[PDB]
Amino acid sequence: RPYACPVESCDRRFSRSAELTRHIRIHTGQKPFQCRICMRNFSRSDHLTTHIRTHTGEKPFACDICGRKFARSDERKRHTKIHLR
DNA sequence: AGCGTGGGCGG
DNA sequence: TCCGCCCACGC
Ligand SMILES: [Zn+2]
Ligand SMILES: [Zn+2]
Ligand SMILES: [Zn+2]
């Protein structure tokens, strides 16, 4: 944790600089990635990608048990667990 | 469910 | 640094 957050009202520390730079955007309100379709801005590129799937209906992740598809891998992970009970 | 969004991290 | 995952938590 050699990269602490300078903003006085915040107590965060990071292992890498790349993360402090990304984290700083929370305080600056910096939203660099815009959606062509709805023009909404996002703080992260990876979140813009998944958001875009809400428009196209793209669902790359299918459940191994029932085949139900989802836009994100975490949605599928949360789902598969329901086949236990 | 649907999906916003930050942290850790490998490349 | 960026990229783009996993992972996690929120409403
Ligand atoms: Zn901060
Ligand atoms: Zn959009
Ligand atoms: Zn299933």
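Below, chain A is the first sequence line, B the second, and so on; all start at residue 1. FYI, side chains are in, hydrogens and waters are out, and symmetry mates aren't considered; it's all heavy atoms of this structure.
- In this structure, CG of A:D46 is placed 10 Å from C1' of C:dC6, rounded to the nearest angstrom.
- A:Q34 places a side-chain N or O within 3.5 Å of a backbone atom of A:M39 that can act as its donor or acceptor partner.
- Proximity of A:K77 to the phosphate of C:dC7: a side-chain N or O atom is located under 4.0 Å from OP1 or OP2.
- Among the atoms of the strands shown, only primed sugar atoms or phosphate atoms (P, OP1, OP2) are found under 4.0 Å from some heavy atom of A:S73.
- Taken together through direct or relayed side-chain contacts under 4.5 Å among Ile, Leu, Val, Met, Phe, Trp and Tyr, A:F70 and A:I82 form parts of separate hydrophobic clusters.
- Side chain of A:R76 to main chain of A:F61: no donor-acceptor pair is present (N/O by atom type, distance under 3.5 Å, no hydrogens or angles).
- Under 4.0 angstrom from either OP1 or OP2 of B:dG2 there lies at least one side-chain N or O belonging to A:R68.
- Closest of all the heavy-atom pairs between A:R25 and A:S43 is NE-O, 4.0 Å.
- Below the 3.5 angstrom threshold, one finds a donor paired with an acceptor across the side chain of A:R16 and the base of B:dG10.
- Counting to the nearest Å, the P atom of B:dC3 and the CD1 atom of A:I52 are 13 Å from each other.
- The interatomic distance linking A:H79 (NE2) with B:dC3 (P) rounds to 16 Å, in whole Å.
- Which of C:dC7, B:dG7, B:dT5 sits closest to the side chain of A:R72 comes down to B:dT5.
- Checked for salt-bridge contact, A:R78 and A:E75 miss the test: no charged N lies under 4.0 Å from a carboxylate O.
- Each of C:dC7, B:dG4, B:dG7 was ranked by its minimum atom distance to the side chain of A:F14; first place goes to B:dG7.
- Residue A:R1 places its side chain closer to B:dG8 than to any other of B:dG8, B:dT5, B:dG2.
- In this structure, of B:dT5, C:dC2, B:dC9, it is C:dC2 that holds the atom nearest to the side chain of A:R25.
- A:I26 and A:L20 are members of different hydrophobic clusters when ILVMFWY side chains are connected at heavy-atom separations under 4.5 Å.
- Between the CZ atom of A:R76 and the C1' atom of B:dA1 there is a distance of 16 Å, rounded to whole Å.
- Here A:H51 does not pack flat against the base of B:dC3, since the 5.5 angstrom centre distance and 30 degree tilt limits are not both met.
- With rounding to whole Å, A:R78 atom CZ is found 16 Å from B:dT5 atom P.
- When each of B:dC9, C:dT1, B:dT5 is scored by its nearest atom to the side-chain atoms of A:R40, the top-ranked nucleotide is B:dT5.
- For A:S43, taking side-chain heavy atoms from C-beta onward, the closest of the listed nucleotides B:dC3, B:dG6, B:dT5 is B:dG6.
- Taking atom NZ of residue A:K69 and atom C1' of nucleotide B:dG2, one finds them 18 Å apart after rounding to whole Å.
- For A:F33, the listed nucleotide lying nearest its side chain is C:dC3; candidates were C:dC7, B:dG7, C:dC3.
- The interatomic distance linking A:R22 (CZ) with B:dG10 (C1') rounds to 13 Å, in whole Å.
- Across the protein-nucleic acid pair, A:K81 atom NZ and C:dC9 atom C1' stand 13 Å apart, rounded to whole Å.
- On a pure distance criterion of 3.5 Å, no polar donor-acceptor pair joins the side chain of A:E75 and the base of B:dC3.
- Backbone-only engagement by A:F42 is indicated by non-hydrogen atom pairs under 4.0 Å involving sugar-phosphate atoms exclusively.
- Distances from the side chain of A:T21 to the nucleotides C:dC6, C:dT1, B:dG8 place C:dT1 closest.
- Distance from the side chain of A:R44 is smallest for B:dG6 among the nucleotides C:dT1, B:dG6, C:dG10.
- Close to B:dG6, at under 4.0 Å from its OP1 or OP2, lies no side-chain N or O of A:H47.
- If you check C:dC7, B:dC9, B:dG7 against the side chain of A:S15, the one that comes closest is B:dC9.
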